[PDB]
Amino acid sequence: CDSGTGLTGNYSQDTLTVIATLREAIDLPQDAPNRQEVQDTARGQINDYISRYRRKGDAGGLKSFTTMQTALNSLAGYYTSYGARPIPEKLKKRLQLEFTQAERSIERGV
């Protein structure tokens with residue numbers, strides 16, 4: 001589609017920045033009755049990070065990075081035929097688990 005970019009995967013800031021678009025998609029303001037469209041913009045980042053800036057700081061235990069791949073598969077699951085139906089378990093669970101694992105964990109609370 002458009003593999004390649006200039007991403008630099010700075011660090012943590014870049015980690016939340018990417019998921020931030022995802023977490024915003026699952027529950028974007030009422031100014032976007034198309035959680036799927038906004039997700040499209042995120043897809044670009046994926047190709048950029050995964051298809052241009054895959055390198056980073058893989059300490060060999062990153063629980064967040066592993067989720068990015070777990071939720072990624074789930075995300076695209078919702079965009080399927082654009083099913084405007086209740087967020088499936090794997091979607092909500094992965095997005096919730098990812099949103100929480102992303103938002104909750106990165107938030108540094110527990």
# chains A, B, ... in the order shown; residues from 1 in each chain; ligands from 1
$ residues_around --residues "residue 19 (chain A)" --least-positions-apart "3" --cutoff "9 Å" --atoms "only C-alpha atoms" --output "PyMOL selection string"
chain A and resi 14-16+22-24+42+68+98-99+102-103
$ write_last_selection --atoms "N, CA and C atoms" --output "compact mmCIF listing (two decimals), in the first residue's frame"
# COMPACT_ATOMS: atom_id res chain seq x y z
N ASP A 14 7.31 7.91 21.67
CA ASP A 14 6.82 7.39 20.40
C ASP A 14 5.88 6.20 20.63
N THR A 15 6.12 5.47 21.71
CA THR A 15 5.30 4.30 22.02
C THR A 15 3.86 4.72 22.33
N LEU A 16 3.70 5.72 23.18
CA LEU A 16 2.36 6.19 23.54
C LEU A 16 1.75 6.99 22.39
N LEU A 22 -4.47 4.96 18.45
CA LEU A 22 -5.29 3.76 18.53
C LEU A 22 -6.32 3.91 19.64
N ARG A 23 -5.84 4.30 20.82
CA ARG A 23 -6.71 4.49 21.97
C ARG A 23 -7.73 5.58 21.67
N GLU A 24 -7.34 6.52 20.82
CA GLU A 24 -8.23 7.61 20.45
C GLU A 24 -9.27 7.12 19.45
N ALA A 42 -3.79 5.60 11.59
CA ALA A 42 -2.88 4.83 12.43
C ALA A 42 -2.17 3.77 11.60
N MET A 68 1.57 -4.48 20.94
CA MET A 68 1.38 -3.75 19.70
C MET A 68 1.07 -4.72 18.57
N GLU A 98 -5.10 -3.75 25.48
CA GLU A 98 -4.06 -2.92 24.89
C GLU A 98 -4.19 -1.50 25.39
N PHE A 99 -5.42 -0.99 25.40
CA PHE A 99 -5.67 0.36 25.87
C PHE A 99 -5.25 0.47 27.31
N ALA A 102 -1.66 -0.42 27.47
CA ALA A 102 -0.98 0.72 26.87
C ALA A 102 -1.18 1.95 27.73
N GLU A 103 -2.43 2.28 27.99
CA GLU A 103 -2.77 3.45 28.79
C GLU A 103 -2.51 3.21 30.27
$ select_by_dssp --residues "chain A" --states "alpha helix (DSSP H)" --output "mmCIF file with N, CA and C atoms, in the first residue's frame"
data_model
loop_
_atom_site.group_PDB
_atom_site.id
_atom_site.type_symbol
_atom_site.label_atom_id
_atom_site.label_comp_id
_atom_site.auth_asym_id
_atom_site.auth_seq_id
_atom_site.Cartn_x
_atom_site.Cartn_y
_atom_site.Cartn_z
ATOM 1 N N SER A 12 9.819 5.952 24.491
ATOM 2 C CA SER A 12 8.522 5.841 25.150
ATOM 3 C C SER A 12 7.537 6.837 24.548
ATOM 4 N N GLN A 13 8.001 8.066 24.344
ATOM 5 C CA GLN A 13 7.156 9.107 23.772
ATOM 6 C C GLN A 13 6.527 8.623 22.469
ATOM 7 N N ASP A 14 7.312 7.909 21.671
ATOM 8 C CA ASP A 14 6.819 7.388 20.402
ATOM 9 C C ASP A 14 5.885 6.204 20.631
ATOM 10 N N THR A 15 6.122 5.467 21.712
ATOM 11 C CA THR A 15 5.297 4.304 22.023
ATOM 12 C C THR A 15 3.861 4.717 22.331
ATOM 13 N N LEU A 16 3.696 5.723 23.183
ATOM 14 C CA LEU A 16 2.358 6.187 23.538
ATOM 15 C C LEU A 16 1.754 6.993 22.393
ATOM 16 N N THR A 17 2.610 7.661 21.628
ATOM 17 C CA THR A 17 2.146 8.461 20.502
ATOM 18 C C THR A 17 1.410 7.579 19.499
ATOM 19 N N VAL A 18 1.993 6.423 19.198
ATOM 20 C CA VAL A 18 1.384 5.494 18.254
ATOM 21 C C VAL A 18 0.076 4.942 18.813
ATOM 22 N N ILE A 19 0.141 4.357 20.005
ATOM 23 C CA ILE A 19 -1.054 3.802 20.630
ATOM 24 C C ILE A 19 -2.058 4.898 20.913
ATOM 25 N N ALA A 20 -1.564 6.108 21.114
ATOM 26 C CA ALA A 20 -2.450 7.215 21.404
ATOM 27 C C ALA A 20 -3.475 7.385 20.291
ATOM 28 N N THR A 21 -3.052 7.143 19.057
ATOM 29 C CA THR A 21 -3.959 7.258 17.924
ATOM 30 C C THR A 21 -4.929 6.086 17.927
ATOM 31 N N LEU A 22 -4.465 4.956 18.448
ATOM 32 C CA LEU A 22 -5.295 3.760 18.527
ATOM 33 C C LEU A 22 -6.320 3.911 19.644
ATOM 34 N N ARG A 23 -5.838 4.299 20.819
ATOM 35 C CA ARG A 23 -6.710 4.493 21.969
ATOM 36 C C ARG A 23 -7.728 5.579 21.666
ATOM 37 N N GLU A 24 -7.336 6.524 20.822
ATOM 38 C CA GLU A 24 -8.233 7.609 20.453
ATOM 39 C C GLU A 24 -9.268 7.120 19.455
ATOM 40 N N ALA A 25 -8.883 6.120 18.684
ATOM 41 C CA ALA A 25 -9.768 5.548 17.674
ATOM 42 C C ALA A 25 -10.893 4.742 18.321
ATOM 43 N N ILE A 26 -10.534 3.876 19.261
ATOM 44 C CA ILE A 26 -11.528 3.052 19.941
ATOM 45 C C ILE A 26 -12.574 3.931 20.608
ATOM 46 N N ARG A 35 -14.870 5.423 13.843
ATOM 47 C CA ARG A 35 -13.678 4.955 14.541
ATOM 48 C C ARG A 35 -12.763 4.199 13.582
ATOM 49 N N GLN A 36 -13.323 3.768 12.457
ATOM 50 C CA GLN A 36 -12.553 3.026 11.464
ATOM 51 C C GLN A 36 -11.650 3.953 10.649
ATOM 52 N N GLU A 37 -12.184 5.101 10.239
ATOM 53 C CA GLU A 37 -11.408 6.047 9.442
ATOM 54 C C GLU A 37 -10.160 6.497 10.190
ATOM 55 N N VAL A 38 -10.348 7.066 11.374
ATOM 56 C CA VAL A 38 -9.212 7.521 12.164
ATOM 57 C C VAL A 38 -8.186 6.401 12.274
ATOM 58 N N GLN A 39 -8.677 5.172 12.388
ATOM 59 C CA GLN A 39 -7.796 4.017 12.485
ATOM 60 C C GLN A 39 -6.917 3.930 11.244
ATOM 61 N N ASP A 40 -7.467 4.351 10.106
ATOM 62 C CA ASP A 40 -6.719 4.322 8.856
ATOM 63 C C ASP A 40 -5.428 5.117 9.000
ATOM 64 N N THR A 41 -5.531 6.295 9.610
ATOM 65 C CA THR A 41 -4.363 7.141 9.816
ATOM 66 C C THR A 41 -3.319 6.399 10.638
ATOM 67 N N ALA A 42 -3.785 5.601 11.591
ATOM 68 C CA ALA A 42 -2.881 4.833 12.433
ATOM 69 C C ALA A 42 -2.165 3.774 11.603
ATOM 70 N N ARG A 43 -2.900 3.163 10.676
ATOM 71 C CA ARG A 43 -2.326 2.134 9.816
ATOM 72 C C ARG A 43 -1.045 2.638 9.164
ATOM 73 N N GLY A 44 -1.052 3.903 8.754
ATOM 74 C CA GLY A 44 0.122 4.494 8.124
ATOM 75 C C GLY A 44 1.325 4.386 9.049
ATOM 76 N N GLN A 45 1.118 4.737 10.314
ATOM 77 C CA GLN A 45 2.189 4.668 11.300
ATOM 78 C C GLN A 45 2.731 3.244 11.397
ATOM 79 N N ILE A 46 1.828 2.265 11.394
ATOM 80 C CA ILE A 46 2.239 0.868 11.475
ATOM 81 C C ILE A 46 3.245 0.553 10.376
ATOM 82 N N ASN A 47 2.885 0.887 9.142
ATOM 83 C CA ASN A 47 3.771 0.642 8.014
ATOM 84 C C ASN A 47 5.083 1.389 8.215
ATOM 85 N N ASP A 48 5.002 2.534 8.883
ATOM 86 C CA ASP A 48 6.187 3.340 9.141
ATOM 87 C C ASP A 48 7.067 2.690 10.202
ATOM 88 N N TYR A 49 6.457 2.289 11.306
ATOM 89 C CA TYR A 49 7.207 1.663 12.383
ATOM 90 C C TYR A 49 7.611 0.242 12.003
ATOM 91 N N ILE A 50 6.628 -0.548 11.589
ATOM 92 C CA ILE A 50 6.872 -1.936 11.212
ATOM 93 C C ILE A 50 7.565 -2.062 9.853
ATOM 94 N N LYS A 63 6.744 -5.848 27.350
ATOM 95 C CA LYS A 63 5.385 -6.374 27.365
ATOM 96 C C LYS A 63 4.460 -5.499 26.523
ATOM 97 N N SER A 64 4.855 -4.245 26.329
ATOM 98 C CA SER A 64 4.053 -3.316 25.540
ATOM 99 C C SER A 64 4.227 -3.590 24.050
ATOM 100 N N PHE A 65 5.478 -3.701 23.616
ATOM 101 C CA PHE A 65 5.771 -3.962 22.211
ATOM 102 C C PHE A 65 5.048 -5.218 21.735
ATOM 103 N N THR A 66 5.100 -6.268 22.548
ATOM 104 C CA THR A 66 4.445 -7.524 22.199
ATOM 105 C C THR A 66 2.946 -7.316 22.018
ATOM 106 N N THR A 67 2.391 -6.365 22.762
ATOM 107 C CA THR A 67 0.970 -6.075 22.666
ATOM 108 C C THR A 67 0.667 -5.370 21.351
ATOM 109 N N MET A 68 1.566 -4.482 20.943
ATOM 110 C CA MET A 68 1.381 -3.748 19.700
ATOM 111 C C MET A 68 1.068 -4.718 18.566
ATOM 112 N N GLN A 69 1.720 -5.877 18.588
ATOM 113 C CA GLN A 69 1.494 -6.890 17.564
ATOM 114 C C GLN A 69 0.217 -7.668 17.858
ATOM 115 N N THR A 70 -0.097 -7.817 19.141
ATOM 116 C CA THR A 70 -1.298 -8.541 19.543
ATOM 117 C C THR A 70 -2.543 -7.725 19.219
ATOM 118 N N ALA A 71 -2.535 -6.456 19.616
ATOM 119 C CA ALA A 71 -3.670 -5.580 19.357
ATOM 120 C C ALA A 71 -3.767 -5.247 17.872
ATOM 121 N N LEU A 72 -2.619 -5.147 17.206
ATOM 122 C CA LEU A 72 -2.609 -4.833 15.782
ATOM 123 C C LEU A 72 -3.501 -5.811 15.031
ATOM 124 N N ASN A 73 -3.284 -7.099 15.268
ATOM 125 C CA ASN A 73 -4.082 -8.127 14.614
ATOM 126 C C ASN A 73 -5.561 -7.951 14.955
ATOM 127 N N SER A 74 -5.834 -7.567 16.199
ATOM 128 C CA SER A 74 -7.209 -7.363 16.648
ATOM 129 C C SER A 74 -7.815 -6.118 16.007
ATOM 130 N N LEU A 75 -7.064 -5.021 16.024
ATOM 131 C CA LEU A 75 -7.539 -3.773 15.439
ATOM 132 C C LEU A 75 -8.133 -4.038 14.071
ATOM 133 N N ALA A 76 -7.252 -4.396 13.155
ATOM 134 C CA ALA A 76 -7.651 -4.686 11.783
ATOM 135 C C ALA A 76 -8.876 -5.595 11.755
ATOM 136 N N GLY A 77 -9.123 -6.282 12.864
ATOM 137 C CA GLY A 77 -10.267 -7.182 12.952
ATOM 138 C C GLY A 77 -11.577 -6.402 12.916
ATOM 139 N N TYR A 78 -11.584 -5.240 13.560
ATOM 140 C CA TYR A 78 -12.779 -4.405 13.600
ATOM 141 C C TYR A 78 -13.011 -3.727 12.253
ATOM 142 N N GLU A 89 -15.183 -9.155 21.580
ATOM 143 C CA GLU A 89 -14.381 -9.416 22.765
ATOM 144 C C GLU A 89 -12.900 -9.273 22.447
ATOM 145 N N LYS A 90 -12.450 -9.945 21.400
ATOM 146 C CA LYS A 90 -11.052 -9.876 21.009
ATOM 147 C C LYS A 90 -10.668 -8.444 20.665
ATOM 148 N N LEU A 91 -11.617 -7.687 20.132
ATOM 149 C CA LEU A 91 -11.370 -6.304 19.776
ATOM 150 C C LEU A 91 -11.347 -5.461 21.035
ATOM 151 N N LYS A 92 -12.441 -5.519 21.776
ATOM 152 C CA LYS A 92 -12.559 -4.777 23.008
ATOM 153 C C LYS A 92 -11.538 -5.274 24.019
ATOM 154 N N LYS A 93 -11.400 -6.592 24.125
ATOM 155 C CA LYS A 93 -10.449 -7.175 25.067
ATOM 156 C C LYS A 93 -9.025 -6.808 24.692
ATOM 157 N N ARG A 94 -8.701 -6.926 23.419
ATOM 158 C CA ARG A 94 -7.354 -6.578 22.973
ATOM 159 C C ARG A 94 -7.180 -5.070 23.023
ATOM 160 N N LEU A 95 -8.216 -4.340 22.614
ATOM 161 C CA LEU A 95 -8.158 -2.882 22.645
ATOM 162 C C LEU A 95 -8.221 -2.408 24.081
ATOM 163 N N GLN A 96 -9.002 -3.115 24.879
ATOM 164 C CA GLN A 96 -9.122 -2.782 26.296
ATOM 165 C C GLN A 96 -7.845 -3.203 26.990
ATOM 166 N N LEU A 97 -7.427 -4.424 26.706
ATOM 167 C CA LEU A 97 -6.198 -4.945 27.274
ATOM 168 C C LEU A 97 -5.039 -4.108 26.759
ATOM 169 N N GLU A 98 -5.098 -3.751 25.480
ATOM 170 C CA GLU A 98 -4.058 -2.924 24.887
ATOM 171 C C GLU A 98 -4.194 -1.499 25.391
ATOM 172 N N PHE A 99 -5.424 -0.993 25.397
ATOM 173 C CA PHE A 99 -5.669 0.365 25.869
ATOM 174 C C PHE A 99 -5.248 0.473 27.310
ATOM 175 N N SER A 105 -0.710 0.751 31.846
ATOM 176 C CA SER A 105 0.698 0.476 32.122
ATOM 177 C C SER A 105 1.567 1.714 31.906
ATOM 178 N N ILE A 106 1.497 2.302 30.715
ATOM 179 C CA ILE A 106 2.313 3.483 30.426
ATOM 180 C C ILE A 106 2.014 4.605 31.416
#
$ atom_distance --atom1 "CA of residue 61 (chain A)" --atom2 "CA of residue 7 (chain A)"
22.6 Å
$ closest_residue --among "A:104, A:11, A:32, A:79" --to "residue 58 (chain A)" --atoms "only C-alpha atoms"
A:11
